[PDB]
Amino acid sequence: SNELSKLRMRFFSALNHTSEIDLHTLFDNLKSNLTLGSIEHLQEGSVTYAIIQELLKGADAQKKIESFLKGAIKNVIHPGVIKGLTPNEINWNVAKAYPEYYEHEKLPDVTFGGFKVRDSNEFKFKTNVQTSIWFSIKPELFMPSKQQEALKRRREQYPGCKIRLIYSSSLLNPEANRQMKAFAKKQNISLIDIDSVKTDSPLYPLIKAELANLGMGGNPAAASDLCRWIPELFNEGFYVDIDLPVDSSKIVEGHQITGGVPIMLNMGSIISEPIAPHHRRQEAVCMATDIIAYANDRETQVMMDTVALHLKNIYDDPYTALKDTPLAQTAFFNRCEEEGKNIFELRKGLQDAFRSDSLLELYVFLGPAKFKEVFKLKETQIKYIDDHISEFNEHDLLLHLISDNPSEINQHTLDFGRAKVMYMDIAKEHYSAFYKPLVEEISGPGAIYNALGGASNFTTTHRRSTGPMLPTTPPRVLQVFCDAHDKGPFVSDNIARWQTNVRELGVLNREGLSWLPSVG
């Protein structure tokens, strides 16, 4: 039959059409327990292939290779394929099963979310259950067309995948609520209203506050970020950003993957410029939360609680989490910290300063140090301004900017109205850098990275090859066992690929984010 023909052709391709042994005899002797799925793990680049190549150089190669492959397929590869193991995971399991044929180091001790990463493949994850989140900032609009179309494109392409959607009914007017419910019914989507969830999570009040405070420093992406760490909302399948495409070629037929931790995230890594004292590059793992996988396991709730306790701590005192951000160098931040202002008041105050259309208000907000930096002033220039600021009106301050640095605005200094706009525009260049950490380091991937162990814990001296990748260093352990993006069928552009050089990240940084409030 064509099935046997297809299998045989795949096998001969995998083993490089070698004539050093008789592949017909070998194929015939293995075919009783050989599937297309297993043959992938015999290909060049695999541990199994590497072992075969060394056996070819020794005596009795025909028999030794048959004995090796029969056992490797029966005991390691085929069981791995059925369980949803990746090629990396199968390579490791083969190396472990055949220490006489493959020299390797032991699994290093790596801690991720308070848990030692395992190579047991014991945590199981469903790829056919997907949850996304949409909180509308416009009461008349349940969801924009882009997001509706994204969900349809996932539903029409795939059943029988279960699609769950968290939203807020309180954010929608009655018509929009009816439309949301109608949409979800038509698309066979399980709807979850965040307004009435039963949970004891400390994150739940914070989510409700983020949404209640829209227009007053709340943020719907921050609300969405926090939902992902409540066990009543997420306990199996994947979280995926609502608009992530599915890569059909990556769908696993058993709809199951595994990992070495009970919660996996989107990961990559960045190889640094050389650092002191040996002029060597460092590999630093990077992570994102646009794809999260949750194991069907009690340990999932345990790990999630560690992260939730960290996020609660950040919300309760955000100034530590923000200590190294641009905003931390402003007078406004220092005042807020002394006053114990909350995250909403911090975000709203920043937005207010940049909506003020006032250089004087911007000065009071930034303080002299950051005002100096933003407007590229000399120390003597900012000293004079700061000494006399209690006497200035708006025009007085503009006159000093014009005298001190007309080049910044290409000597368009004769029209004061235009000059003011140009200086305000220079300041607005920095708004995104001030604002984004107020989500990223608070509820976002910055906070989560820290919750799970922080940079130091995920950064190591860069080391390369040789041969098939094995989990024998910390970044390789995370790459093999902890990365939801590689294993899942969802497409992301949020972060660098694994082992990307810092000078060529190839990540688009978008300007008009959905969750950045405008400042004009």
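Note that residue numbering follows the sequence shown and begins at 1.
S.K.: Looking at the deposited entry, does 55-63 or 452-460 carry the larger mean Cα B-factor?
M.R.: Averaged over C-alpha atoms, the B-factors run higher in 452-460.
S.K.: For the C-alpha atoms alone, is the average B factor greater in 43-51 or in 27-35, going by the entry?
M.R.: Here the higher of the two C-alpha B-factor means belongs to 27-35.
S.K.: Return the residue from 484, 469, 477, 69 that has the highest Cα B-factor in the entry.
M.R.: So the option with the highest C-alpha B-factor is 469.
S.K.: So where's residue 168 on the chain's Cα temperature factor ranking, which third?
M.R.: Residue 168: CA B-factor falls in the lowest third of its chain.
S.K.: By the recorded C-alpha temperature factor, relative to the other modelled residues in its chain, which third is residue 355 in?
M.R.: Highest third of the chain for residue 355's C-alpha B-factor.
S.K.: By the recorded C-alpha temperature factor, relative to the other modelled residues in its chain, which third is residue 86 in?
M.R.: For residue 86, whose C-alpha B-factor we compare with every modelled residue in the chain, the answer is the lowest third.
S.K.: Against its chain's modelled residues, does residue 268's Cα B factor rank lowest, middle or highest third?
M.R.: Lowest third of the chain for residue 268's C-alpha B-factor.
S.K.: Where does residue 158 sit by CA temperature factor within its chain: lowest, middle or highest third?
M.R.: CA B-factor rank for residue 158: highest third.
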